[PDB]
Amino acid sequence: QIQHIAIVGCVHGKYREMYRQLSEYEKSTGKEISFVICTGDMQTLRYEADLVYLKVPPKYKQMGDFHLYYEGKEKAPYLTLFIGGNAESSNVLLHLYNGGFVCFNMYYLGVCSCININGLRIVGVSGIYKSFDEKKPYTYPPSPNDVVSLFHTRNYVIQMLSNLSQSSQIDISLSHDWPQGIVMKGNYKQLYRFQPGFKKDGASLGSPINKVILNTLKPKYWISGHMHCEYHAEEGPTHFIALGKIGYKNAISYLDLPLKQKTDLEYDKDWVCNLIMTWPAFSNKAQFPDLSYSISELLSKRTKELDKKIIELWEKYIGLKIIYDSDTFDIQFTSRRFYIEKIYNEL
């Protein structure tokens, strides 16, 4: 009983090319793709006005294929879970910072979260690291002035995810830029022959935020992109897999993993409790998170019997199944926070 998971690097708005390759493979090899995982740079632009939030050089200010899927004239043939990179419709991803479907079969994991599917636990970390913005809060609603800073990974995601490895093991973890120092743990002399530019950065290459998360959350696999190249490294058990950009046939690999039980996409219980217990830090919708609160010790108020009754209210008001919701992304922002607040205020 085996599931075939398609892992994809940078998409850069070339969705039809990606699904064309995925559809070719499963009818090539006869294998069936369970779901697809993307490592960011999705460019989920709905309409021309969203081009303002895409931080790219002028030669890449393009719509891409996503608007066809948002308009419904194209349909993603596989369930696609993805995180955010640096070339994103940052306004859209800020509305869905708690996750959400940008269209049918395309689920955004949020700023960071953990999900359940087919007995696996999958963690995502969006954005790329820039030191001068790691402690900077988000401002809502999204403004065109924040195009340069919205896609930067915030430091607080380290404390939002640190406890996820306590109850069980993390199977797959996602980041866009590489975990800092992971370049030192594979065939780097061959990688430097691909790009001698990476030799300048050396061991300091990558995100230090993802390095802390990688060493803490223990995962079996860590898949990243951003670098537009293939690379595999090993640090402890973690099979590090870097993928390239769509258009080059080094972007899509496949994880042939054991299938415990075919199970629908669901919210991770431990993450749901972390999300509720941290609501005081996110209570101000205009600016979050309020780092005057301690995210690490807000989570210390979790107990076994309190966790199990957060789940009941979540299953009542939201549901354990992650289902498609076609409401506008600004409405989904208010709705998800509305029930997060309601669940918290009932404990």
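Throughout, we count residues from 1 along the sequence that is shown.
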Could you settle it for me: does 284 to 292 or 298 to 306 have the higher average Cα B factor in the PDB entry? 298 to 306
Could you check which stretch, 141 to 149 or 234 to 242, carries the larger mean CA temperature factor in the entry? 234 to 242
Among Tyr156, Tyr108, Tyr248, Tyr78, which residue carries the highest C-alpha B-factor recorded in the PDB entry? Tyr248
From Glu88, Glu266, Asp270, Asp177, the top C-alpha temperature factor is at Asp177
Splitting the chain's C-alpha B-factors into thirds, which one does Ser335 fall into? middle
Taking the values exactly as deposited, rank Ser23 by C-alpha B-factor within its chain and report the matching third: lowest, middle or highest. middle
In terms of the chain's CA B-factor thirds, is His12 lowest, middle or highest? lowest
Sort the modelled residues of this chain by their C-alpha B factor and say whether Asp201 lands in the lowest, middle or highest third. highest
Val183: which third of its chain by C-alpha temperature factor? highest
